[PDB]
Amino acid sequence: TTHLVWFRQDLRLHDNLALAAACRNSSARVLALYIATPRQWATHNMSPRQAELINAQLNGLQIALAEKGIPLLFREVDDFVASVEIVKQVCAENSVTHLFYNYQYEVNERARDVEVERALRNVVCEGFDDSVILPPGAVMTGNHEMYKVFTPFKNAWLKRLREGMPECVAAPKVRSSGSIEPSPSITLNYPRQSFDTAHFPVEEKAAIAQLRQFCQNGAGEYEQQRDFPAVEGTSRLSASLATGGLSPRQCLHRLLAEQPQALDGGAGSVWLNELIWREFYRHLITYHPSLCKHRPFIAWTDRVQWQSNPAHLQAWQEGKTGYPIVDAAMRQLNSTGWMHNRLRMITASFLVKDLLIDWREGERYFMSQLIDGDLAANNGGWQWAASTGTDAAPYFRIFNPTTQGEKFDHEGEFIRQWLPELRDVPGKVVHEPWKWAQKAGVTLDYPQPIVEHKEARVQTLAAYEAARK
């Protein structure tokens, strides 16, 4: 009996469904496989910082698997089509009787998995819904359709959660054969860049410690602090969650352990709501695959006449729009691979609704930079800002970057952190530095608004209006 565990976006020993399931049979030979697909990653616009996070978790996992007496067979092919052949070869070469793997919901990943299952004729394959707390299809509407509005989805989700809460499975124990010697460190052949390991922990114990600490302190204050970018009021666990360094059940159980009432509206319930948004978006692409194929959820939005303007898109990408809160947000992204949620909303809105540039442009750019890049969450957030998605912002909802900035970064603390050239404009005017610049006969080394919000807004409303006709 030989059990093969095919890792992907789940590089952890703890609470890993396919892994725990392969090791139940203590008399079975257990092998782990990991296939690097540098070319499919490039196509999917994988961020260099995330590629680096994965590489780091991959070496740390190899080391942890060795102590459990489980060996990792590393392979590097080009794409998902090639991987099918590699899984076939590894099964054949090692006489694998059973394959255990955790499901991936994106169109390309699913197609690969379906091919692997068809190809493995004499093998028993068991996939697991490890990336979600509740599996797609667990929370369905009365006519067995997926929910289209979050509010009722959430209600039904909490209901089913209560009828049987999934539990955290433990890290497997050492194999009968004993510990083994780790193979030499792997190096992913994909452009990679560094990141703050303090904010985004690469080690499993560090990820867990960060979840612990947040749930103890942060989850209670969350509702009151989550809106301020200048404040560290969010978990910064999105990178671990996106790559599989942590599972959503670890977050759930650790949350309820510190905030008991989180399930019933008490403290910690607002943070839980966000984990339910994550759930929503993952089930949604599972039932609506076209969301993985650049299609909007609201068909008529495809009729909006987006602006083809290279100068405007470039200014947004480089953070030279002339709107401090938008610019500071882009420098944050470009330099750390992460952006505060409030700012992901503001910058995405600025691109689609002030510049009227196709949301797919902003999405791709975000993916290319985001250490937490994830199709369901990114596509979902972009379709929300653009009013093209499921339960998205209403088309007439056009965030005003100055108002947004005055609210959430009233003092310009965050702003002055990322825009050193504005570290002399006094407090309030910092949100509209050029208006003050003239009235002081001063030259700022900062751009001027590339668009006037009032007129931009009018033009956009007209465009949507015309498409919605």
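For every residue, the number given is its place in the sequence shown, counted from 1.
Of the two segments, 458-466 and 4-12, the one listed with the higher mean B-factor is 458-466 (C-alpha atoms only). Per-stretch averaging of Cα B factors for 420-428 and 403-411 places 420-428 on top. For the set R39, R49, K68, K435, the maximum C-alpha B-factor listed in the entry falls on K435. Comparing the listed residues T286, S177, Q259, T321, the entry records the largest Cα B-factor for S177. When the CA B factors of the chain's modelled residues are split into thirds, the value for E115 lands in the middle one. In the deposited entry, the Cα temperature factor of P394 places it in the middle third of its chain's modelled residues.
Sort the chain's modelled residues by C-alpha temperature factor and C292 lands in the highest third, per the entry. Among the modelled residues of its chain, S26 has a C-alpha B-factor that falls in the middle third according to the deposited record. Residue-level temperature factors show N45 in the lowest third of its chain, judged at the C-alpha atom.
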